[PDB]
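Undergrad: File structure01.cif below, mmCIF, C-alpha atoms:
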data_upload
#
loop_
_atom_site.group_PDB
_atom_site.id
_atom_site.type_symbol
_atom_site.label_atom_id
_atom_site.label_comp_id
_atom_site.auth_asym_id
_atom_site.auth_seq_id
_atom_site.Cartn_x
_atom_site.Cartn_y
_atom_site.Cartn_z
ATOM 1 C CA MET A 1 -5.496 -44.200 -1.252
ATOM 2 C CA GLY A 2 -7.007 -41.180 0.474
ATOM 3 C CA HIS A 3 -6.198 -40.801 4.164
ATOM 4 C CA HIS A 4 -9.372 -39.882 6.049
ATOM 5 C CA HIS A 5 -9.279 -38.299 9.508
ATOM 6 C CA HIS A 6 -11.463 -39.683 12.298
ATOM 7 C CA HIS A 7 -13.206 -36.793 14.054
ATOM 8 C CA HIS A 8 -16.410 -36.330 16.054
ATOM 9 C CA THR A 9 -18.825 -35.563 13.217
ATOM 10 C CA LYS A 10 -22.460 -36.573 12.740
ATOM 11 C CA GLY A 11 -23.516 -37.463 9.208
ATOM 12 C CA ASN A 12 -21.884 -36.167 6.034
ATOM 13 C CA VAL A 13 -23.377 -35.117 2.696
ATOM 14 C CA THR A 14 -21.283 -34.641 -0.441
ATOM 15 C CA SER A 15 -21.990 -34.085 -4.136
ATOM 16 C CA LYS A 16 -21.202 -36.762 -6.720
ATOM 17 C CA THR A 17 -20.006 -34.122 -9.184
ATOM 18 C CA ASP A 18 -16.548 -33.133 -7.951
ATOM 19 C CA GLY A 19 -16.538 -34.589 -4.449
ATOM 20 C CA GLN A 20 -17.134 -31.467 -2.373
ATOM 21 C CA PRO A 21 -19.249 -31.024 0.787
ATOM 22 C CA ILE A 22 -22.893 -29.990 0.463
ATOM 23 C CA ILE A 23 -23.427 -26.474 1.808
ATOM 24 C CA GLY A 24 -27.038 -25.545 2.489
ATOM 25 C CA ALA A 25 -28.619 -28.990 2.281
ATOM 26 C CA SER A 26 -32.048 -29.401 3.873
ATOM 27 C CA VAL A 27 -31.912 -32.505 6.068
ATOM 28 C CA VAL A 28 -34.798 -33.531 8.321
ATOM 29 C CA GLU A 29 -36.206 -36.614 10.044
ATOM 30 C CA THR A 30 -39.029 -38.866 8.846
ATOM 31 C CA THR A 31 -41.280 -37.867 11.744
ATOM 32 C CA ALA A 32 -39.171 -35.080 13.243
ATOM 33 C CA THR A 33 -39.383 -32.560 10.402
ATOM 34 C CA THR A 34 -39.928 -29.602 12.730
ATOM 35 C CA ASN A 35 -36.445 -30.246 14.113
ATOM 36 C CA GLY A 36 -34.921 -30.143 10.644
ATOM 37 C CA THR A 37 -31.339 -28.964 10.206
ATOM 38 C CA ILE A 38 -28.976 -27.832 7.450
ATOM 39 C CA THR A 39 -25.453 -28.788 6.386
ATOM 40 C CA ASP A 40 -22.367 -26.715 7.188
ATOM 41 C CA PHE A 41 -19.400 -25.712 5.029
ATOM 42 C CA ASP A 42 -17.790 -29.012 6.019
ATOM 43 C CA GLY A 43 -20.797 -30.838 4.603
ATOM 44 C CA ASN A 44 -22.163 -32.148 7.895
ATOM 45 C CA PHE A 45 -24.976 -31.407 10.345
ATOM 46 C CA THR A 46 -25.917 -32.000 13.981
ATOM 47 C CA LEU A 47 -29.294 -33.455 14.954
ATOM 48 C CA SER A 48 -30.463 -35.408 18.001
ATOM 49 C CA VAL A 49 -33.208 -38.004 17.550
ATOM 50 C CA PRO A 50 -34.707 -40.324 20.198
ATOM 51 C CA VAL A 51 -35.968 -42.981 17.787
ATOM 52 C CA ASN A 52 -33.749 -44.723 15.236
ATOM 53 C CA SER A 53 -35.711 -43.493 12.217
ATOM 54 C CA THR A 54 -34.528 -42.544 8.730
ATOM 55 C CA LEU A 55 -33.225 -39.109 7.743
ATOM 56 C CA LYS A 56 -34.405 -37.356 4.580
ATOM 57 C CA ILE A 57 -31.881 -35.043 2.925
ATOM 58 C CA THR A 58 -32.563 -32.732 -0.016
ATOM 59 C CA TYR A 59 -30.522 -30.026 -1.740
ATOM 60 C CA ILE A 60 -31.882 -27.635 -4.365
ATOM 61 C CA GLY A 61 -30.022 -28.563 -7.536
ATOM 62 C CA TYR A 62 -29.269 -32.274 -7.276
ATOM 63 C CA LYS A 63 -31.469 -35.339 -6.790
ATOM 64 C CA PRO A 64 -32.843 -36.185 -3.319
ATOM 65 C CA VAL A 65 -31.110 -38.533 -0.879
ATOM 66 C CA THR A 66 -32.179 -40.488 2.202
ATOM 67 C CA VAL A 67 -30.129 -42.337 4.816
ATOM 68 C CA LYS A 68 -30.770 -44.041 8.154
ATOM 69 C CA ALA A 69 -29.768 -42.326 11.397
ATOM 70 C CA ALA A 70 -26.287 -43.310 12.573
ATOM 71 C CA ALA A 71 -23.125 -41.974 14.209
ATOM 72 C CA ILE A 72 -21.473 -41.610 10.804
ATOM 73 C CA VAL A 73 -23.367 -41.722 7.505
ATOM 74 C CA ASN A 74 -22.083 -40.659 4.087
ATOM 75 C CA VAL A 75 -24.453 -39.444 1.369
ATOM 76 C CA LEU A 76 -23.905 -38.775 -2.333
ATOM 77 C CA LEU A 77 -25.808 -36.174 -4.354
ATOM 78 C CA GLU A 78 -26.760 -37.339 -7.848
ATOM 79 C CA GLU A 79 -26.999 -34.920 -10.774
ATOM 80 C CA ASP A 80 -30.519 -33.684 -11.518
ATOM 81 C CA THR A 81 -32.103 -33.355 -14.960
ATOM 82 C CA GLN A 82 -28.956 -34.942 -16.393
ATOM 83 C CA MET A 83 -28.556 -38.392 -17.944
ATOM 84 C CA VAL A 84 -24.942 -39.553 -17.681
ATOM 85 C CA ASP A 85 -24.073 -43.246 -17.943
ATOM 86 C CA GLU A 86 -20.706 -44.322 -16.536
ATOM 87 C CA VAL A 87 -20.276 -47.742 -18.142
ATOM 88 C CA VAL A 88 -17.580 -49.233 -20.372
ATOM 89 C CA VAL A 89 -16.586 -52.644 -21.727
ATOM 90 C CA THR A 90 -14.084 -53.916 -24.294
ATOM 91 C CA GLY A 91 -13.150 -57.225 -25.890
ATOM 92 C CA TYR A 92 -12.755 -58.715 -29.358
ATOM 93 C CA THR A 93 -11.860 -56.306 -32.162
#
Starting from the file, give its structure as structure tokens.

TA:
Amino acid sequence: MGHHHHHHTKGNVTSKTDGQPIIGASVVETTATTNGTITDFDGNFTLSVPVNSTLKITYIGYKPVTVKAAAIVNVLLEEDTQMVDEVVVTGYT
């Protein structure tokens, strides 16, 4: 069980490789692209939007990711150009 701290942060993008924060991720709005923002060392960004539209996030290296606008949203970056299946099942021998 990992104890998570509750702070005043808006959105959070992390990679699905090791579990680290995304630094330098291009995140913009569906209609408000001009007001696009990037992620910090912590893996979060700050953006103010009037309408409750969706937010498009992209980071050079891993697959793209999109999430709706909310007080706290977690995103996971999937490996790009890499096919890795994480499935397993046992039974009769």

Undergrad: Determine, counting all atoms listed in the file, which protein, DNA and RNA residues have an atom within 9 Å of an atom of region 62-75 of chain A; residues of the same chain fewer than 6 positions away are not included. Present the result as an mmCIF file with C-alpha atoms, in the frame of the given file.

TA:
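Writing the result to selection_11.cif gives the following:
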data_model
loop_
_atom_site.group_PDB
_atom_site.id
_atom_site.type_symbol
_atom_site.label_atom_id
_atom_site.label_comp_id
_atom_site.auth_asym_id
_atom_site.auth_seq_id
_atom_site.Cartn_x
_atom_site.Cartn_y
_atom_site.Cartn_z
ATOM 1 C CA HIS A 8 -16.410 -36.330 16.054
ATOM 2 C CA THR A 9 -18.825 -35.563 13.217
ATOM 3 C CA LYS A 10 -22.460 -36.573 12.740
ATOM 4 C CA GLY A 11 -23.516 -37.463 9.208
ATOM 5 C CA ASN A 12 -21.884 -36.167 6.034
ATOM 6 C CA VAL A 13 -23.377 -35.117 2.696
ATOM 7 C CA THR A 14 -21.283 -34.641 -0.441
ATOM 8 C CA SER A 15 -21.990 -34.085 -4.136
ATOM 9 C CA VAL A 27 -31.912 -32.505 6.068
ATOM 10 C CA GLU A 29 -36.206 -36.614 10.044
ATOM 11 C CA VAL A 49 -33.208 -38.004 17.550
ATOM 12 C CA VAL A 51 -35.968 -42.981 17.787
ATOM 13 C CA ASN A 52 -33.749 -44.723 15.236
ATOM 14 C CA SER A 53 -35.711 -43.493 12.217
ATOM 15 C CA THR A 54 -34.528 -42.544 8.730
ATOM 16 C CA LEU A 55 -33.225 -39.109 7.743
ATOM 17 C CA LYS A 56 -34.405 -37.356 4.580
ATOM 18 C CA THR A 81 -32.103 -33.355 -14.960
#

Undergrad: Determine the nearest neighbour of residue 7 (chain A) from the options A:58, A:93, A:44, A:39, counting all atoms listed in the file.

TA: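 Of A:58, A:93, A:44, A:39, the one nearest residue 7 (chain A), counting all atoms listed in the file, is A:44.
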
Undergrad: Just to confirm, what's the straight-line distance from CA of residue 78 (chain A) to CA of residue 26 (chain A) in Å (one decimal)?

TA: 15.1 Å

Undergrad: One number please: CA of residue 31 (chain A) to CA of residue 57 (chain A), in Å, one decimal.

TA: 13.2 Å

Undergrad: Find the residue from A:2, A:91, A:36, A:43 that sits nearest to residue 24 (chain A); use all atoms listed in the file when measuring.

TA: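 Under the stated criterion, the closest residue is A:43.
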
Undergrad: Rounded to one decimal, what separation in Å do you get between CA of residue 46 (chain A) and CA of residue 17 (chain A)?

TA: 24.0 Å

Undergrad: Check the smallest atom-to-atom distance from each of A:59, A:48, A:18, A:1 to residue 32 (chain A) using all atoms listed in the file, then report the winner.

TA: A:48

Undergrad: Under the rule that all atoms listed in the file are counted, which of A:5, A:41, A:88, A:35 is the nearest residue to residue 23 (chain A)?

TA: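 Result for the nearest residue to residue 23 (chain A): A:41.
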
Undergrad: Extending 5 Å beyond the listed atoms of region 35-51 of chain A on each side, what axis-aligned box results? I want centre and edge lengths in Å to one decimal, as AutoDock Vina command-line options.

TA:
--center_x -27.1 --center_y -34.3 --center_z 12.4 --size_x 28.7 --size_y 27.3 --size_z 25.6
